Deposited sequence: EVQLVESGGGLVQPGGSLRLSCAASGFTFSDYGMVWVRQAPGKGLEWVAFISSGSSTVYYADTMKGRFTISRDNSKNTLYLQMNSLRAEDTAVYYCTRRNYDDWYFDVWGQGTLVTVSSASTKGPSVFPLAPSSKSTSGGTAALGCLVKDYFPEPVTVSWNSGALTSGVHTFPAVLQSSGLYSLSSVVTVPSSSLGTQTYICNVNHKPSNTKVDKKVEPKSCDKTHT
């Protein structure tokens, strides 16, 4: 299967350096022009750089020229992005994409790698239940005070997906993120059926499983 897998993203201090890599598979990598495209959270696509099949030709967007260096290693099927003198405005998901051979459109894109440029510290979240109460009941989990993004939430280890809403995180005054994940279930299922939110915060290697149940009142 034709695929591109980016890696190397993470939290970096302003003025810091980072090298991103993109692993290509399923095509002859050395025949293709390759590019980097970034997307700041909630913003649009921004072209970063281009590199020809044999590395003789490289081009960059005006605001990243000099500070960013695009390279590739055809024997390793890998594309790289060297990012130096990093600034807050470089915070984005960085996408690796292949230029279509015949028609030059970007036809294969990787899943992207998040780069967060900040002097704020990594912090794992605190998980609090949103306890329920015939018909329909709503319950959830409050995922409080974490940094940086992202946080992942599942219910009953993926076995509960219907009626789940996981809210986009909001940035609080303290500079920490917070979100809620909620689920609507039948009121008759409460007490009998167990509901557990699985909170995963890879940026801090924190995993929390929290049982949500009704209290004394």
item	value
Deposited-sequence ranges lacking C-alpha coordinates, in sequence order	134 to 138, 223 to 227
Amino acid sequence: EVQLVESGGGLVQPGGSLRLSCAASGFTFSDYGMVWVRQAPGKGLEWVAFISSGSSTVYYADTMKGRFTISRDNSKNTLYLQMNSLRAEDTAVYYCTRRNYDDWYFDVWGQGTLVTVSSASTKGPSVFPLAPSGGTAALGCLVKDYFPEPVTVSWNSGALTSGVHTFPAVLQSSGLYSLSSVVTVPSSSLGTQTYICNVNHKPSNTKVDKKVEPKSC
From here on, numbers count along this sequence of modelled residues.
query: Between the two ranges 176 to 184 and 30 to 38, the one averaging a larger CA B factor in the entry; finding: 176 to 184
query: Of 97 to 105 and 111 to 119, the stretch whose C-alpha atoms average the higher B-factor in the entry; finding: 111 to 119
query: Most elevated Cα B-factor in the entry, residues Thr69, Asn156, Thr166, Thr57; finding: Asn156
query: Entry-reported Cα temperature factor of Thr91, expressed as the chain third it lands in; finding: lowest
query: Third of chain Cα B-factors occupied by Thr192; finding: highest
query: Entry-reported Cα temperature factor of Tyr80, expressed as the chain third it lands in; finding: lowest
query: Chain thirds of CA B-factor: placement of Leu160; finding: highest
